[PDB]
S.K.: 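This is the structure I have questions about; it appears just below.
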2 protein chains.
Amino acid sequence: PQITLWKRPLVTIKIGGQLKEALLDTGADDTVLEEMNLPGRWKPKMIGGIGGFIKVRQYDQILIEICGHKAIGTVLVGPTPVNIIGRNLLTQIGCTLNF
Amino acid sequence: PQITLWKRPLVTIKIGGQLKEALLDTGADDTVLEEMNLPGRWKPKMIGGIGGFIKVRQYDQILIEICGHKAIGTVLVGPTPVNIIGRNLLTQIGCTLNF
Ligand SMILES: COC(=O)N[C@H](C(=O)N[C@@H](Cc1ccccc1)[C@@H](O)C[C@H](Cc1ccccc1)NC(=O)O[C@H]1CO[C@H]2OCC[C@H]21)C1CCCC1
């Protein structure tokens, strides 16, 4: 689809069989989701944002479905204020900016 | 133009006479530029994201040119790690996400 930005570009995603709302975020290198249980192994990681750094759990090769498009890649889980879909997955679904 | 997301979507902007590189960020409500000495009145403001909040100065009705496209709105200034063009100005240049 084509999405304008008069409001936040929120979309429904599916991860681990659960539905969630997430923000299509061109300003994020990485994808960061609020605290949740995911299968598979995980390793601690740090990521930095506008206000500083937070501790996250890095899950690799996780399947996520974004508006019906499938992606499999790195998902960070931690105390982010909003579920954000970053460029690592936006590229997998073929997302571009246009103006 | 069309901007892919393999790398950070950085573009040249023109503000208050100066040229700068800024991130086109669909995940930002607002536009924040690193510390610069703009003239006129301002109001204090706090903006937040991953990691917490930073204190910025809010300037109203500032002109910014983004790859030849002009926009006028609120521009925040403070200790941001990166210059960020947010939705308040991206809507004005007709920017969309497309996949
Ligand atoms: C209403 O609240 C807002 O609008 N918050 C805006 C805001 O923080 N938006 C976030 C997404 C978001 C939206 C709501 C709540 C929490 C997070 C991103 O879009 C922009 C930041 C910019 C950034 C880039 C580099 C270093 C530091 C910062 N990317 C980000 O943190 O990315 C992380 C993940 O991936 C890693 O790559 C980059 C760095 C890592 C601010 C921005 C300026 C105006 C408000």
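Whatever order the structure lists them in is the order used to number ligands and atoms, beginning at 1. Below, each value reflects all heavy atoms present in this structure, side chains not excepted, and no hydrogens, waters or symmetry copies. Quick note on labels: first sequence line is chain A, next is B, and so on, each numbered from 1.
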S.K.: Suppose I only count heavy atoms of A/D25 and a 4.0 Å limit; which atoms of ligand 1 are within that range?
M.R.: 10 (C), 11 (C), 18 (C), 19 (O)
S.K.: List the closest protein heavy-atom neighbour of atom 35 (O) of ligand 1: residue, atom name, distance to the nearest 0.1 Å.
M.R.: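 The protein heavy atom lying closest is A/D30 N, 3.2 Å.
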S.K.: Among all protein heavy atoms, pick the one closest to atom 14 (C) of ligand 1 and tell me residue, atom and distance.
M.R.: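 Looking only at protein heavy atoms, the one closest to atom 14 (C) of ligand 1 is A/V82 CG2, 4.1 Å.
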S.K.: Using side-chain hydrogen bond (donor to acceptor under 3.5 Å, both in side chains) as the criterion, point out the one residue from A/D29, A/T74, A/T31 that pairs with A/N88.
M.R.: A/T31
S.K.: Using a strict 4.0 Å cut-off to heavy atoms of A/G49, name the atoms of ligand 1 that fall inside it.
M.R.: 27 (C), 28 (C), 31 (O)
S.K.: Would you say that A/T80 contacts A/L33 through its side chain, given a criterion of any heavy-atom pair below 4.5 Å between the two side chains?
M.R.: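 They are not in contact (no side-chain heavy atoms under 4.5 Å apart), so the answer is no.
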S.K.: How many angstroms lie between atom OG1 of B/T4 and atom CG of A/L97, to the nearest 0.5 angstrom?
M.R.: 9.5 Å
S.K.: For the side-chain contact (heavy atoms from CB on, under 4.5 Å) test, which of B/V75, B/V77, B/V32, B/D30 pairs with B/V56?
M.R.: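 Looking at B/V75, B/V77, B/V32, B/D30, the match for B/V56 under the side-chain contact (heavy atoms from CB on, under 4.5 Å) is B/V32.
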S.K.: Heavy-atom distances under 4.0 Å decide this one: backbone, side chain, both or neither, for A/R8 against ligand 1?
M.R.: side chain
S.K.: Apply the test side chain to side chain contact (heavy atoms under 4.5 Å, CB included) to residues A/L24 and B/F99: give CA-CA distance (whole Å), side-chain angles for both, the deciding distance (0.1 Å), then the verdict.
M.R.: CA-CA 11 Å; A/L24 303 184; B/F99 61 100; 3.9 Å; yes
S.K.: Atom 9 (N) of ligand 1: which protein heavy atom is closest, and how many Å away?
M.R.: B/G27 O, 3.1 Å
S.K.: Compare all side-chain heavy atoms of B/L23 with those of B/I85 and state whether any distance is below 4.5 angstrom.
M.R.: no
S.K.: At under 4.0 Å between heavy atoms, which part of A/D29 makes contact with ligand 1: side chain, backbone, both or neither?
M.R.: both
S.K.: Give a yes/no on ligand 1: does B/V32 have at least one heavy atom closer than 4.0 angstrom to it?
M.R.: yes
S.K.: What protein heavy atom sits nearest atom 42 (C) of ligand 1, and how far off is it?
M.R.: B/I84 CD1, 3.7 Å
S.K.: Test your reading of the model: is there a side-chain donor-acceptor pair from A/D25 to the backbone of A/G86, 3.5 Å cut-off?
M.R.: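 No, because the side chain of A/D25 does not come within donor-acceptor range (under 3.5 Å) of the backbone of A/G86.
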S.K.: Look at atom 40 (C) of ligand 1 and say which protein heavy atom is nearest, naming residue and atom and giving the distance to 0.1 Å.
M.R.: A/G48 O, 3.2 Å
S.K.: Is any side-chain heavy atom of A/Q58 closer than 4.5 Å to one of A/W42?
M.R.: no
S.K.: Can you check salt bridge (charged side-chain N to carboxylate O under 4.0 Å, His left out) on A/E35 and A/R57, steps first, answer last?
M.R.: CA-CA 9 Å; A/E35 286 290 352; A/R57 328 220 299 279; 2.9 Å; yes
S.K.: At a 4.0 Å threshold, what atoms of ligand 1 neighbour a non-hydrogen atom of A/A28?
M.R.: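 By the 4.0 Å cutoff, the relevant atoms are 32 (O), 34 (C), 35 (O), 37 (O).
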S.K.: Side chain, backbone, both or neither: which part of A/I50 has a heavy atom under 4.0 Å from ligand 1?
M.R.: both
S.K.: Can you list the ligand 1 atoms lying under 4.0 Å from a non-hydrogen atom of B/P81?
M.R.: 26 (C), 27 (C)
